[PDB]
Amino acid sequence: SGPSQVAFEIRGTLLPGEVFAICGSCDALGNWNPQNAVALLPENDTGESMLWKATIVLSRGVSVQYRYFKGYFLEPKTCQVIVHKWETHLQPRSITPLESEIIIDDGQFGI
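Quick look at the UniProt feature "binding site: substrate" in the protein chain now. Summarizing the sequence annotation, UniProt attributes the feature "binding site: substrate" to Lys70, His84 and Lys85 in the numbering used throughout. Relative to the helices and strands, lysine 70 resides in strand β6 (residues 64-74). Since its relative accessible area comes to 7%, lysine 70 is described here as buried. The contacts of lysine 70, once residues within four sequence positions are left out, are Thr13, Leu14, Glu18, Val19, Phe20, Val83, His84, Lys85 and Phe109. In this structure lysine 85 comes out as partly exposed when scored by relative accessible area, which is 41%. Ignoring anything within four residues of it in the chain, the contact list for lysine 85 reads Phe69, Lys70 and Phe109.

Taken in spatial order, the four strands line up as β4-β5-β1-β9 in an open sheet, and their pairing is mixed. Edge positions in the sheet fall to β4 (41-42) and β9 (101-108), since each has one partner strand and no second. Judged from the six bridges that link them, strand β1 (residues 4-11) and β9 form a sheet pairing that is parallel. Each bridged residue has a counterpart across the sheet, and for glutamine 5 the counterpart in β9 is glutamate 101.

On to the environment of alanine 7, then. Among the structural elements, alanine 7 can be located in strand β1. For the pair formed by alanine 7 and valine 62, sequence separation is 55 residues and the distance between their alpha carbons is 16 Å. Discounting residues that sit within four places of it in the chain, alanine 7 has contacts with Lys53, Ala54, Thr55, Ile102, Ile103 and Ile104.

Definitions and cut-offs
Residues numbered from 1 in each chain as written, not as in the entry; some residues may be left out. Heavy atoms only, no water. UniProt positions renumbered as here; feature names shortened; annotations may be inferred. Helix = DSSP H or I, 4+ residues; strand = E, 2+ residues; numbered from the N terminus. Buried < 20%, exposed > 50% of the residue type's maximum accessible area, 1.4 Å probe, protein only. Contact = heavy atoms within 4.5 Å. Pairing = 2+ DSSP bridges.

See the structure below:
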């Protein structure tokens, strides 16, 4: 099974110093531990105002559950990931990647 490159996208507002992050049920997504979550980056290639994206390599045919959160990625006091808010009243998101390249546009944060 030759790996699947998945672009996960979500839109929303953020506080100063805050970013969007993806966390989930496999290594690449940090095994539900926000400390090992993946921070998204702003996506400007479509001319949107509030779009964020993360490109993640996942194993083909393996089901993965995930959620977005908004939080802070800080430097050590002596790393620190602080979740402000996990996505709103909705079931954890899921994907079973089958293609080599996939774009998952999850719309608006919390929806």
